[PDB]
Each structure stands twice: as structure tokens, then as C-alpha cells.
């Protein structure tokens, strides 16, 4: 894809909700159709049919698949064979090997565990990689913690550490850098603060979970 030519506003859309695909695509620069956490276990088969029967522009759509080694991932790759999509987002990306095994597709590696952070440069360097993203929620969960943000709302240090790690790793290997979702959708002040910072430090994209976030991201990345 020409991912860098598309704007900074990427938007997750659960793949079991095809009646929303068209609105997502007109609201966003790029849509991430999601087969992992946006979709309940029981509705994943249905998401996979929707992925095949309701297409979006493949130059502006990526698919978030399930994690390395899972049965769900194998079922997802089977469903993708029926589409025109070329670019997948790998959750819980923990090794170069997990990226390589997705060739010949392009991969955005979403690093949200300790192992992924420690191996960030190896992941970024892997031949299929075209982008690196980070997520604070599952990072804190898999570390054994309870809260990604302190009381005043700033990320805790380890999240801030991983953020920089992934920005550097992506940029060292010429990859797109994607900043993490702002989970408090109505907190537009917080999102503006993060997206302006993201833009200023050289993130390419801030990923969004609701269409209302897109304008604020696009404005933050203006100059």
C-alpha cells in the first residue's frame, strides 16, 4: 500500500458490523477491520464472512488478525485469502518469526507485551513489517498490572518507555509509527494532547476507536 500517502486518522471497526464499514471508511483515512478484540468469540465466524462479502478499498484498509499460534489466526488467514487485502495488523507481536510467518503479506506489528518491547527492533527489522504500533492496555495486563495511567491521567512510566521504544524501532527501519488508542473517547482534551505530541515527535498515525476522534487527530497532525 501507500500507507504514508493516507492521512493520520486510522479507525478500528469490528468486522462483525458490516453495516458500519462504509461509514468508517468515509470518516477515516484508513480503516482497520478487526477480527480480534472488537469481536466476541461467538461472532468471529460471522466477522470473517462479513470481511469477504462487504469489501472496502484495499489501498485504505488493513485487517487486524488474531495472535501468533492461535487457531483464530489460522481461520483469519483462510478468510483473508478470499479478499483483496494485503496488509495485516498482528496483535501481541513478540518476535520477528511471528511477522515472517505472515509473508507475503505486509504487517503492522502491534507491540503490547514485554517480549514485544524487548524484541522491538527485531520485529521492526523483519522483512514484512511496514509499521509498528503499541498498546498500553494489554502491555499492563500481560505484565501483571492493573492500571496503564496514573491518577493525573498520564501514562505510567513503563507505557511511556514502550511508546518511545516502538517509535525508535519503527523509525530506525523506515516503518510507519502508530501511536496508541485513546480509550476515553469523550476525553477530546487528552486525545488532542497525545496526538499533538505524537505529531511533534514523528508518529505518522494515531489510531482511533470512534469516528469522533478522527477530526481531532487530523487537526493535531496539520502543519
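Positions refer to the first chain, counted from 1.
In this crystal structure, the stretch out of 18 to 26 and 204 to 212 whose C-alpha atoms carry the higher mean B factor is 18 to 26. Per-stretch averaging of Cα B factors for 178 to 186 and 162 to 170 places 178 to 186 on top. When the C-alpha B factors of 32, 65, 46, 191 are read from the deposited coordinates, the top value falls at 46.
Residue 150: CA B factor in the highest third of modelled residues in this chain (values from the PDB entry). Among all modelled residues in this chain, the alpha-carbon of residue 52 has a temperature factor (C-alpha) in the highest third. Per-chain ranking of the deposited C-alpha B factor places residue 88 in the lowest third. When the modelled residues of the chain are ordered by C-alpha B-factor, residue 60 sits in the highest third. When the CA B factors of the chain's modelled residues are split into thirds, the value for residue 82 lands in the highest one.
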